[PDB]
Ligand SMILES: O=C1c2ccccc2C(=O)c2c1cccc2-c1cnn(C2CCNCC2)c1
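One chain comes next, on its own, written out as structure tokens in the form solved without the ligand.
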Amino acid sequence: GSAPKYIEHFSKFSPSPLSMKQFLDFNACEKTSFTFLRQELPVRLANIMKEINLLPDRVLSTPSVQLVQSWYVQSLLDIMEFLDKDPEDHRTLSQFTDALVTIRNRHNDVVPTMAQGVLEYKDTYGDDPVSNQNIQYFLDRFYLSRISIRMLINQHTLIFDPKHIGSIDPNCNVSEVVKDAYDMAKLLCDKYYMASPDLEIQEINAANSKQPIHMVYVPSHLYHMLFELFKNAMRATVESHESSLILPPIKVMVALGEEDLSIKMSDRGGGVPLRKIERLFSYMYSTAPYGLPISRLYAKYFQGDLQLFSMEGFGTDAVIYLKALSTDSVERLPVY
């Protein structure tokens, strides 16, 4: 097979970061999505794949890793078939959309799969702080790559099967997403614990004090983040107040500045000591048999961040930082 040489060739290129604007203005035809994607997906696949091969042999050769490696190889090849094929012919384009579907689905399990490699590495070689920085280093990169691949694939399959533009909403009402996520967390909350804290939203539109706040974002990404955060702050809030009678609400503030859109979630769940805050964002230190770390990646993906500050004995604030303007929302992609 050619697999290694394909990887060699396409890993000389660099992934091409797109902006939400550049995403938005796409439909400027499938032909163009097609010809773009058949080059770029191979690039992004190759780049992470060569980085996977920089992993030391004791990691490199466990079942978990070798398993995802096989998936990425089959994908690269699945996409290969379409290099000499041409557009104008509408079955080329249709067979492609189908190929993009199969790939996305094949990869639905990378998270639990990799997570398994961390566990067998913990039990096999130790949980030292160095291993931890490499695992952290490698996975932050690996997942992020992975997210952007999905982003491309979803932009294609959804548009070339209007208010929305695929996975993007150009009029994303943030509190709308905040509540939905809240409502879903509460449901799970009311089931397991049969109590649940309330929600207070407040907006602060700096430039336009009385205007409801809208942005251009990918709302499922935003849902995902807010969801984990609500889960966590509910869980804490309940268990911290099980001998008490009052259950403190979860206050969220959504704030819009000249370049930031920022979302704080404040809970009175009894806090976490400074010492333990790193552990929460660590893939290794929070592995037992998404979480915060993956939700963070989503934040980073379009030049955002997601941060935590607690006060032990009281509560935790968690902040989602997003870029306010489509121009600033460029993809953050790892490169080899």
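In this text, rigid core is short for the largest set of C-alphas that superpose within 1.5 Å between two forms. Quick note: we count residues from 1 along the sequence shown, nothing fancier.
The form solved in complex with the ligand is left out here; the points below concern that form.
K.L.:
Decide open or blocked for this chain: the ligand is absent here, so superimpose its site C-alphas on those in the bound PDB entry and check whether 3 or more ligand atoms come within 2.4 Å of a backbone or C-beta atom.
P.N.:
Site status: open.
K.L.:
Within 4.5 Å, heavy atoms only: does residue 23 come near the ligand in the bound PDB entry?
P.N.:
Close contact exists here: in the bound PDB entry, residue 23 approaches the ligand to within 4.5 Å, heavy atoms only.
K.L.:
Taking 4.5 angstroms as the cut-off for heavy atoms, does residue 327 touch the ligand in the bound PDB entry?
P.N.:
Because no heavy atom of residue 327 falls inside 4.5 Å of the ligand in the bound PDB entry, the answer is no.
K.L.:
I'd like to check something about residue 32: if you look in the bound PDB entry, is any of its heavy atoms closer than or equal to 4.5 Å to a heavy atom of the ligand?
P.N.:
Yes, contact at 4.5 Å.
K.L.:
Would you mind telling me which residue of 200, 259, 128, 89 shifts its Cα by 2 Å or more between the shown form and the other one when the core is superposed?
P.N.:
Only 128 moves by 2 Å or more at its C-alpha.
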